[PDB]
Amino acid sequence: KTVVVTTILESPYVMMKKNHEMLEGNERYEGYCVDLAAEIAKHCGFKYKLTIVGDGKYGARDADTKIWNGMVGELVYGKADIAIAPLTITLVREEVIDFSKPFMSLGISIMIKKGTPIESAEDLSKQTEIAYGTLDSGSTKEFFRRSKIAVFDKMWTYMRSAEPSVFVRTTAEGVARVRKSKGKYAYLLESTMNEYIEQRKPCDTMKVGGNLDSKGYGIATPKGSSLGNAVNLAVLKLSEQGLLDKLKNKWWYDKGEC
């Protein structure tokens, strides 16, 4: 059977090619995760179809209804066979789906417009002039919501009650907000996305401070799926043969505009 791959439009993991309308199937997309999928499938010996997650989300469990949305949801409810995306390995997710060893490392980080008077999370927490928020429905939000650390609980306390909302529906929305707010908004997002955007025109944002945590993205499959074994091994192999580092440079730094 052809493996259904759920993924998500997020630069530079997966992007529409500048001419997709004249192309079909997997050929419409490009990016780090597009390249990885081809490699995973070749080594694991399967055919596959990339499909963009319907609700444009990563995956969260609705408190009350207990329904999972996003890519996680499509794996849990049987819509997809595998997720190849910047999907963060987390405990609540590991409880309902299987993750391979990480194919890329990241930490929550701070994006500012250049010249913004901010060096750290502690800095953000001690003031109110500069607003700050995170993506919706993602691991970054949950990090803050669940945190017992001082600086982080205070930040959550501010963020949850800020109005207008400091949360964004997409990474692009967050970046645009930083860019348009003249230094009055900072965005909390994963280091990988932060570093990509830092290398893109108009070159007006930067990552500041150390990361808030340390984790990674994993390739995910439905709990107990037979795919898991092969896919995990393929990730280790590709990692050892230098493919992942090659892809990272290809899509982040080789392209560099700044």
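The first residue of the sequence shown is number 1, and the count goes up from there.
Colleague: Looking only at CA atoms, which has the higher mean B factor in the entry: 206-214 or 63-71?
Modeller: Higher of the two, by average CA B-factor, is 63-71.
Colleague: Could you check which stretch, 152-160 or 93-101, carries the larger mean CA temperature factor in the entry?
Modeller: Per the deposited B-factors, the answer is 152-160.
Colleague: Using the temperature factors of the C-alpha atoms in this entry, rank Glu10 within its chain: lowest, middle or highest third.
Modeller: Tercile = lowest for this residue's CA B-factor.
Colleague: Is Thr140 in the lowest, middle or highest third of its chain when residues are ranked by C-alpha B-factor?
Modeller: CA B-factor rank for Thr140: lowest third.
Colleague: In terms of the chain's CA B-factor thirds, is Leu227 lowest, middle or highest?
Modeller: Within its chain, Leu227 is a highest-third residue by C-alpha B-factor, going by the deposited values.
Colleague: If you rank every modelled residue in this chain by C-alpha B factor, which third holds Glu122: lowest, middle or highest?
Modeller: It belongs to the highest third of the chain when residues are ordered by C-alpha B-factor.
Colleague: Should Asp81 be placed in the lowest, middle or highest third of its chain by the C-alpha B factor in the entry?
Modeller: Lowest third.
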